[PDB]
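Working notes for the structure below.
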Amino acid sequence: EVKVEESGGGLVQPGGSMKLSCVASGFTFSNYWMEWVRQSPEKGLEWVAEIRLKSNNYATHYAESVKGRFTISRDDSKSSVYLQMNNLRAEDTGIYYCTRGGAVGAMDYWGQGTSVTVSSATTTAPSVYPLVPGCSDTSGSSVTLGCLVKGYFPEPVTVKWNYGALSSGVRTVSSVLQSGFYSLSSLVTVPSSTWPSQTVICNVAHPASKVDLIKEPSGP
Amino acid sequence: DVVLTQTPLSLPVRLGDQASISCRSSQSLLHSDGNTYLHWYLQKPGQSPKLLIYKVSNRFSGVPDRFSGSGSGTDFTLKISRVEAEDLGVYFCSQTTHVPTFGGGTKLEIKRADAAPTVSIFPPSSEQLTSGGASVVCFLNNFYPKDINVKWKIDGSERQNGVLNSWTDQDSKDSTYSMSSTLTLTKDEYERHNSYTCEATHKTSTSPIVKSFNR
Ligand SMILES: CO[C@@H]1O[C@@H](C)[C@H](O)[C@@H](O)[C@H]1O[C@@H]1O[C@H](CO)[C@@H](O)[C@H](O[C@@H]2O[C@@H](C)[C@H](O)[C@@H](O[C@@H]3O[C@@H](C)[C@H](O)[C@@H](O)[C@H]3O[C@@H]3O[C@@H](C)[C@H](O)[C@@H](O)[C@H]3O)[C@H]2O)[C@H]1NC(C)=O
């Protein structure tokens, strides 16, 4: 069951280097061409580069906008494909996906992606505050709780509740950029009695700072 | 390169109804080997894109018969009869006949019956005070359509400065949106007032939904 997985993203300067890693499994890796497609907010989906088979001398093909700066390599023995990126620039900002060169003539399977941000701005782990009722009468489904994530940079941060075990009625708004910093909030609605007799916690992750934040809403 | 333009940009459709997305290329996609490499993909909210149709009309593994692909010269189309909840997301058309390029995308939105928001208001956490600012949040849950008006009232007087509204995507299960209005004051500003109200005004009600708290 095809599963591709990218990694190695974060914040770079205008103009540093960074290497992406992709690990595929669930198919004879050596039998397929591998791809790299980035998705910028400003330029949608953009094919970056491709690498072919061994019988192909491991031929590579790059997108005009990255010829010379990016280099795609592979390791059939490890079922991995890499993307060395040098001389990065604002324009290279975007989510990078590692896809397979399908037998059908189309990038059939994609990874979840790994974000890359080029900027002179520096990292800032997020600050997480609790969203607790505010002492009131029960008249709104049955108990809404949340975590407010502020002052972080870059993007993104992923919020999960109870390590992902709690996944029903979770609502996470979109992040907004303000004062050079992002923020958002995630909320979940639980039954009036499952809380606080039972513990609820949000799991805020911020790849760029490599930090994972765990906080539990008690009913203060 | 080869440009792929998709229309419409945004598309509302009732459940069970039909929908047609078109994709036009700047040039002929017919490959020398007589194959037209035109594909369509679906990217659900917060997910990697997925292959639906390959080579104009072939459906990929696990794709329902609901998805159909046709083509004629440089104009191509994706059809979705019996549209449903899980079909919401952005649809792309791509071509690999030449240097791979993708289409701008089309946001399929599920048109459903109006839903009344469920307001909740959270006062700032003492944990935030040391940052020098206080954020009061008003959460509008499970409502349809998207549109909504939130107004804040501090000690009666309507306030506009310091507000930030942000929406969620359409929900895959029930097709409703959620939205939070955040009011951020400075530590002291917030301590010079006591009654904080927010009034929500939706299509589903003449009288604003009002939620409030006092310190
Ligand atoms: C400028 O136009 C392109 O380059 C010219 C030099 C060439 O004459 C012209 O045909 C264009 O060819 C494309 O070149 C770019 C890179 O420059 C490639 O990225 C394109 O590949 C497409 O997209 C891939 C994701 C997809 O895997 C390709 O499909 C393969 O090749 C075609 C010819 C076969 O019909 C198809 O079955 C598939 O090949 C099979 O599966 C792969 C995994 C395996 O390695 C093969 O041995 C075979 O079993 C393609 O759609 C490239 N376009 C094309 C159509 O090749």
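Protein chains in written order, with the authors' numbering: chain B, 1 to 52, 52A to 52C, 53 to 82, 82A to 82C, 83 to 100, 100A, 101 to 213; chain A, 1 to 27, 27A to 27E, 28 to 95, 97 to 211. By construction, the Cβ of each residue, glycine as well, lies at the ideal position given by its N, Cα and C atoms.
**OP:** Could you tell me whether any non-hydrogen atom of ligand 1 is closer than 6 Å to the CB of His-58/B?
**Re:** yes
Original post:
Comparing the C-beta of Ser-116/A with each C-beta of chain B, is any distance below 7 Å?
Top reply: yes
**OP:** Check whether the Cβ of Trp-33/B lies closer than 6 Å to any heavy atom of ligand 1, and answer yes or no.
**Re:** yes
Subject >> Among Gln-124/A, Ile-205/A, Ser-177/A and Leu-46/A, the one whose alpha carbon lies nearest that of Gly-99/B >> reply: Among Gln-124/A, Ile-205/A, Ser-177/A and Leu-46/A, the Cα nearest to that of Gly-99/B is on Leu-46/A.
**OP:** Determine the contact status of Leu-179/A and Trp-148/A, defining contact as a CB-CB distance below 7 Å.
**Re:** The Cβ-Cβ distance between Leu-179/A and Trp-148/A falls below 7 Å.
Subject >> Below-7 Å beta-carbon distance, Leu-45/B vs any chain A residue >> reply: yes
Original post:
Who are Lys-207/A's beta bridge partners in DSSP?
Top reply: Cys-194/A
**OP:** Apply the 10 Å Cβ neighbour rule to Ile-89/B and answer buried if 16 or more other Cβ atoms are within range, or exposed otherwise.
**Re:** buried
**OP:** Report yes if the CB atom of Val-115/A is closer than 7 Å to the CB atom of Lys-207/A, and no otherwise.
**Re:** yes
Original post:
Just checking my contact of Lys-142/A with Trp-163/A at CB under 8 Å: how many whole Å lie between their CB atoms?
Top reply: About 7 Å; that satisfies the 8 Å criterion.
Original post:
Rounded to a whole number of angstroms, what is the C-alpha to C-alpha distance between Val-12/B and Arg-94/B?
Top reply: 27 Å
Original post:
Since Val-146/A sits in a beta bridge, which residues does DSSP pair it with?
Top reply: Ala-196/A
Original post:
What is the C-beta distance between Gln-124/A and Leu-33/A, in whole angstroms, given that I count them as a contact (C-beta under 8 Å)?
Top reply: Not a contact, Cβ separation roughly 52 Å.
Original post:
Interface residues of chain B around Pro-40/A at Cβ under 9 Å?
Top reply: Near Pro-40/A there are no residues of chain B at all, since even the closest Cβ is about 10 Å away, more than 9 Å.
Original post:
At a Cβ threshold of 7 Å, is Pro-149/B touching chain A?
Top reply: Not closer than 7 Å to any Cβ of chain A, the Cβ of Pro-149/B fails to qualify, so no.
Original post:
With burial defined as no fewer than 16 other Cβ atoms inside 10 Å of the residue's Cβ, what is the status of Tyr-175/B: buried or exposed?
Top reply: buried
Original post:
Of all the CB atoms in chain B, is at least one closer than 7 Å to the CB of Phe-98/A?
Top reply: yes
Original post:
Buried or exposed: where does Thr-31/A fall if 16 or more other Cβ atoms within 10 Å of its Cβ makes it buried?
Top reply: buried
**OP:** Determine the chain B residues that contact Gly-101/A at a beta-carbon separation under 7 Å, and present them in chain order.
**Re:** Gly-44
Original post:
Which of helix, strand or coil does DSSP assign to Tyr-86/A?
Top reply: strand
Original post:
Does the pairing of the stretch 158 to 168 of chain B with the stretch 158 to 173 of chain A give three or more beta-carbon distances under 8 Å?
Top reply: With the rule of 3 Cβ pairs closer than 8 Å, the stretch 158 to 168 of chain B counts as touching the stretch 158 to 173 of chain A.
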